[PDB]
Structure formats: C-alpha cells, structure tokens
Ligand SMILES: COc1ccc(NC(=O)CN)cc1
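In the block that follows, a single chain appears as structure tokens, in the form deposited without the named molecule.
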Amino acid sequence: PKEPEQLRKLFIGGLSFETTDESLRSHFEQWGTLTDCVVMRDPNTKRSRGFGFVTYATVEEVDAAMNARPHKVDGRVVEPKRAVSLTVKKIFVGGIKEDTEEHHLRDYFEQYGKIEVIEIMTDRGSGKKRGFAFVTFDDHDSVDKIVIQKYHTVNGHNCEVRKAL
C-alpha cells in the first residue's frame, strides 16, 4: 500500500555542478529514506546538467524535506519542487456557495501553508457571494500539495480547487 511513486519524487534544480548522486543522497537522506537519487549528466561529457531528482519512501518524507527548505547542497541553495501531477502561489476554490466565510477557508488551507490573501468573490453589481474564492500562499509548495489531492471539503462543501494564474 505504497503511495504512487510520482507523488514521492522531488525535482531538484539549481545544483552545483560538483553535486553527485552520492552527495545529493547524503544531503536529502536527512529527511527520509531515499529509494532513488539521480543527478542528470550529459551522456557524452558526463558533466552535470545542474539538476536531478530524489524519490522518498513516503509522501510524509517529501513534506519533511520541503519543510526543511532552504536546502544548501554542496554550498549552493537548490530549488526542490514536487514532480508534475507551472509554479504559482494562488488557487481558485470553487463550489463554496454563499455560507462559506473567510475563517472556513483559513482554518482549512492554513494547514497547507502560510496564507497571505483570502479573497471571497462577490457580484460586482449586487454584492452577493458568487460561490468561489482565491487563496494566495507565501510559497508554491502549498499549492502543489493542494492540487494533487483528489478531494477538498470546506464548510461541508465538496470544492473544486485549481491553480490560478
């Protein structure tokens, strides 16, 4: 009953060209068991392409690694990102109807990351709630964690959530 491997993988950009499979692993093994750890290299020169990826045994380990940012690896600050299924900090939240308030969205989404803006949409002409909102976080990993979830339940409502611009 292991989580799908794609959800346990981190792309690591901005590597020092000195970083190896071995030094990448020794760094990121501090936050979990690594089943995979690869630095991308030119197939002819063997010179690093400056990025790679690691795969943890569990999603909780990915979370731990992401929560331990910033990561300085072989003297350079790198850029870890979760693997695809587009880096933004804002989400569209739809299906919240007219009874959902800012505290409902806050209490739920603050457990994904630090919120900077909550905007509940209202009709330009009437002021009535239109049934959707935008939430802006201080960091993209919150959004990445949010949009891979199959379901979101806020204030009893089943919500549609998607990345916003």
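Don't overthink the numbering: it's just position in the shown sequence, from 1.
The discussion below concerns the form solved in complex with the named molecule, not included here.
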Non-hydrogen atom contact residue 36 with the named molecule in the bound PDB entry at 4.5 angstroms: no
Non-hydrogen atom contact residue 113 with the named molecule in the bound PDB entry at 4.5 angstroms: yes
Distance check, residue 29 to the named molecule in the bound PDB entry, heavy atom within 4.5 Å: no
Joint contact, 98, 104 and 155 to the named molecule in the bound PDB entry, by non-hydrogen atom at 4.5 Å: no
Contacts with the named molecule in the bound PDB entry, stretch 128 to 149 (heavy atom within 4.5 Å): 145
